[PDB]
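Chemist: how does the following fold in three dimensions:
(4 chains, ligands or ions: 2)
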Amino acid sequence: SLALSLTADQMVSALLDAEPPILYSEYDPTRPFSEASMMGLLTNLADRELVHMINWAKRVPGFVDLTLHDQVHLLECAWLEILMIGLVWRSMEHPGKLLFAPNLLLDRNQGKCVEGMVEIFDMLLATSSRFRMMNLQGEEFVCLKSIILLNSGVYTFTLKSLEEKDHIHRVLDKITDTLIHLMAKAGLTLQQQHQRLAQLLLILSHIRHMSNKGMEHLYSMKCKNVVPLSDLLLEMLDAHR
Amino acid sequence: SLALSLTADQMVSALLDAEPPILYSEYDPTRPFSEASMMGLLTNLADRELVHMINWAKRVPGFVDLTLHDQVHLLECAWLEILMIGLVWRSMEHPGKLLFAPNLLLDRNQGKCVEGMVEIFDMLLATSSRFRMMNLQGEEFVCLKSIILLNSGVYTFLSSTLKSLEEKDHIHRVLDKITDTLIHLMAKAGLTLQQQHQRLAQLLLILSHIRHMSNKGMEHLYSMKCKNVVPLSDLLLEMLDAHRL
Amino acid sequence: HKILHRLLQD
Amino acid sequence: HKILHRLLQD
Ligand SMILES: Cc1cc(O)ccc1[C@H]1CC[C@@]2(C)[C@H](CC[C@@H]2O)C1
Ligand SMILES: Cc1cc(O)ccc1[C@H]1CC[C@@]2(C)[C@H](CC[C@@H]2O)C1
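Modeler: Numbering: from 1, shown residues only, chains lettered A, B, ... in the order given. Ligands and ions are numbered 1, 2, ... in the order given. Sure, structure below:
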């Protein structure tokens, strides 16, 4: 409630204001990259981004309306998707590169340093290329990221409960209204509007895919003692198994 | 070309006509289930459905316009998603049950008959409940399934080369047509402009969970294969081996 | 060639 | 412990 009262413009500004900062890596270029060290950098970064994500989620209209139990489930389910969509957004203006941080800009060949990671880099890069081709806007991005937060875990929640799901879907609908409203303002025809809406939402399917693969990769790195994961990271990873 | 000229009504009837048949299980209802016997039934079914899926895919407008290689990629990536959305659709009017076949209607507890499968049943059932509450229509279903075929694997196409970029753009053109079709169906149902957009978004976001179920199912099927619980067909094995995990 | 390859032609 | 649970409260 109140989130359902928000106008399209209010929804946008709220999400824009909630945006988390861009963090720096602890990358030291005095030592050469190893599979272990690169995994260390990336997971260290992810861990610090998580803390900001959690606080970002609280500023997403309607999120704090949910039970603490449902908030946990949503973030547990969507955290890697959210990290990924932010990554591809940061990397849009860097063709062939992934901007994990202003001081950490990696190409696919650097992904080869870690076993099985380049396949994930390739997928992320293709997603970044797709966004670039669609000329994705900042306002559209923040809408997509909030959709991922609310949608990814909603299907895996009976009691009421049934009310938690309905509230989530109401807010999702409001963001749909917001996206369309944004496209209309941008001058897109009515037809172009629902076509672009579909294009953007279908990309979330590939982002889900990347998350699933990334979770399996991160898990295998853990099970081989390649990198020591933070307690928070271990718990987020544990939620998917 | 060709598929891009189709009208909204022509797209619907084309998809409806292309629909594969509902196969039966060999299940002998007189004998109780074992872990092995149920996996055998389910995988035997999937194997036979795959043969029909391949011929259905060729009847999806624009699909045969793609190179043989690209058709392969799309099916390899989307096969389990396509099986799953079919399952949830068949099970829509059977709350708490998964209608794998008219003679194989399983409830959630029978998913426990196989190690780790009940969690996958739960996800499929929740998807069927969501479809049921949205009152998903047959014409909408066929649109969603074709979208999965064309969309799921398009992002992993190797770009570069003229032919490849031409393939991706053809796929997206056709995808736009199906979107036009979905909207047409909703406008025809009397939904307002705002309702159409909301419903479209609702339908497409479900495909993200369907992708999730496929990824999980693939891992489970792979685990079953390795533990040698069930002998998988050569076809099923190659489709599973395309996900290389 | 794989089985899928063959079925897509036939 | 549940760090996520706690972080959400803080
Ligand atoms: C995508 C992403 C975005 C970030 O802002 C930070 C980190 C990551 C990834 C980087 C690659 C991984 C270390 C894991 C997932 C799969 C790999 O193990 C996290
Ligand atoms: C979803 C589905 C739909 C069908 O029309 C047939 C089969 C299946 C599943 C049934 C469960 C499994 C045997 C695998 C995937 C995960 C399990 O191993 C295939």
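
Chemist: in space, what's closest to residue A:4 - neighbours in sequence excluded?
Modeler: With Cβ to Cβ, 6 or more residues apart in numbering or on different chains as the criterion, residue A:4 has its nearest non-adjacent residue at 5.6 Å, and that residue is residue A:170. C-beta: built from backbone N, CA, C; applies to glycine.

Chemist: I'd assumed residue A:5 was in contact with that neighbour.
Modeler: No: at 11.1 Å, residue A:170 does not count as touching residue A:5 under the criterion of Cβ atoms under 8 Å.

Chemist: so for those two, which sits in the more crowded spot?
Modeler: Under the neighbour definition other Cβ atoms under 10 Å in any protein chain shown, residue A:170 and residue A:5 were set side by side, and residue A:170 has more, 13 against 9.

Chemist: verify the assumption that that one is located in a helix.
Modeler: Yes: according to DSSP: H, G, I helix; E, B strand; the rest coil, residue A:170 belongs to a helix.

Chemist: secondary structure element for residue A:105?
Modeler: strand A:104-107 (DSSP states H and E).

Chemist: show me what that strand is in contact with.
Modeler: A:24, A:25, A:27, A:41, A:45, A:94, A:96, A:97, A:98, A:99, A:100, A:121 (Cβ atoms under 8 Å, 6 or more residues apart in numbering or on different chains).

Chemist: list the buried residues for it?
Modeler: Neighbour-count burial for strand A:104-107 flags A:104, A:105, A:106 (criterion: 16 or more other Cβ atoms under 10 Å in any protein chain shown).

Chemist: is ligand 1 contacted by it?
Modeler: No: using Cβ under 6 Å from any ligand atom, we find that strand A:104-107 stays clear of ligand 1, coming within 9.3 Å at best.

Chemist: counting by contacts, list what the helix or strand that that strand is followed by packs against.
Modeler: As assigned by DSSP H and E, the chain's next helix or strand after strand A:104-107 is helix A:108-111. If you count contacts as 3 or more Cβ pairs under 8 Å, 6 or more residues apart in numbering or on different chains; DSSP states H and E, helix A:108-111 packs onto helix A:118-134.

Chemist: please, where are all the helices along chain A?
Modeler: For chain A, the helices defined by DSSP state H occupy A:8-18, A:35-57, A:68-90, A:108-111, A:118-134, A:138-151, A:162-185, A:190-223, A:231-238.

Chemist: can you redo these as a markdown table with distance to residue C:1?
Modeler: Formatted as a markdown table, those follow (distance: least, Cβ to Cβ, whole Å):
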| stretch | distance to residue C:1 |
| --- | --- |
| helix A:8-18 | 50 |
| helix A:35-57 | 36 |
| helix A:68-90 | 35 |
| helix A:108-111 | 29 |
| helix A:118-134 | 24 |
| helix A:138-151 | 39 |
| helix A:162-185 | 44 |
| helix A:190-223 | 26 |
| helix A:231-238 | 39 |
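
Chemist: pull out the buried positions in stretch A:18-26.
Modeler: Those would be A:18, A:20, A:23, A:25, for stretch A:18-26 by 16+ other Cβ under 10 Å.

Chemist: looking at it, the second one is touching residue A:51, isn't it?
Modeler: Translated: residue A:20. No: assessed by Cβ under 8 Å, residue A:20 is found out of contact with residue A:51, at 9.2 Å.

Chemist: so who does the residue in chain A that ligand 2 sits nearest to touch?
Modeler: Relative to ligand 2, the nearest point of chain A is residue A:212 (14.3 Å; Cβ to the nearest ligand atom). Residue A:212 sits next to B:211, B:212, B:215, B:216 when contact means Cβ under 8 Å, 6+ apart.

Chemist: quick one on the thing from earlier: between the buried residues of strand A:104-107, which is closest to residue D:7?
Modeler: Nearest to residue D:7 among these is residue A:104, at 24.2 Å by Cβ to Cβ.

Chemist: who's the closest one bridged to?
Modeler: residue A:101 (DSSP bridges).

Chemist: how much space separates the residue nearest to residue A:201 when sequence neighbours are not counted from residue B:150?
Modeler: In this structure, residue A:201 finds its nearest non-sequential neighbour in residue B:204, 4.2 Å apart by Cβ to Cβ, 6+ apart. Taking Cβ to Cβ, to the nearest Å as the measure, residue B:204 falls 13 Å from residue B:150.

Chemist: backbone dihedrals for the residue of chain A most remote from its centre, both of them.
Modeler: Each residue of chain A has a distance to the centre, and by Cα atoms, centre = their mean the biggest one is for residue A:30: 31.2 Å. Backbone geometry at residue A:30, expressed as degrees, to the nearest 10, gives phi -90, psi -10.

Chemist: any idea how far it is from residue A:103?
Modeler: Remark: distance between residue A:30 and residue A:103 (Cβ to Cβ) = 13 Å.

Chemist: residue A:44 now?
Modeler: For residue A:44, the distance to residue A:103 (Cβ to Cβ) stands at 13 Å.

Chemist: what do the two both touch?
Modeler: By Cβ under 8 Å, 6+ apart, the residues touching both residue A:44 and residue A:103 are residue A:25.

Chemist: so those two - more neighbours on which side?
Modeler: Using other Cβ under 10 Å, the more surrounded residue of residue A:44 and residue A:103 is residue A:44, with 19 against 13.

Chemist: so the more buried one sits right up against residue A:24, yeah?
Modeler: No: Residue A:44 lies out of contact with residue A:24 (Cβ under 8 Å); the separation is 10.9 Å.
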